[PDB]
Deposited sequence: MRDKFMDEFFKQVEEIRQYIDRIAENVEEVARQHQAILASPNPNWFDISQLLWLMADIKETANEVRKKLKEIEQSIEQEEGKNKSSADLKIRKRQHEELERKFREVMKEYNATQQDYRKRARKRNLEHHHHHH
C-alpha cells in the first residue's frame, strides 16, 4: 500500500498542476477574446494565440481525464479502508475542480461567440 499510495499522491499532484494550467489558460483565453474584439483591426497574433491556448487546453484536459479515469478504475478494483476513502474523497474533489474549470471555459467561449456576433452587427 505505502508504495501504491505514494504513487497515488504523485498522480494527484500532477492532476492539480494540470488543472491550474487549464485555469490559467482560461483566464488568458478571456484576455485574447477581449483583445480581439476591442480593436478595430485585431492583431493577427491575437487570433493565432487564442488557437494555441485552446489546443493546449484540449491536450491538458485529455490528460486530466485519462489520469482521473486511471484512479477511478483503481478505486473500483479495491472496492472500506482509510486509504480507499482517501482516494475516493480526493478523486471526487479533483473531478469537481476539473468540471468547474471546463464549465468556465465553455462560458468564456459562448460569450466570445455572442459578442463577436454583436460586433459584426454593429
| property | result |
| --- | --- |
| Deposited sequence positions missing from the model - stretches, numbered from 1, in order | 1, 81 to 84, 128 to 133 |
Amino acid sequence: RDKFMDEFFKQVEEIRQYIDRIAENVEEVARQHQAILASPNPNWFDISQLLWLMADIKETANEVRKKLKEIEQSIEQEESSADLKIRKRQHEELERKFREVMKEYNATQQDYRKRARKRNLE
From here on, numbers count along this sequence of modelled residues.
item	value
Mean C-alpha temperature factor, higher of 108 to 116 and 13 to 21	13 to 21
69 to 77 versus 22 to 30 - greater average Cα B-factor per the deposited record	69 to 77
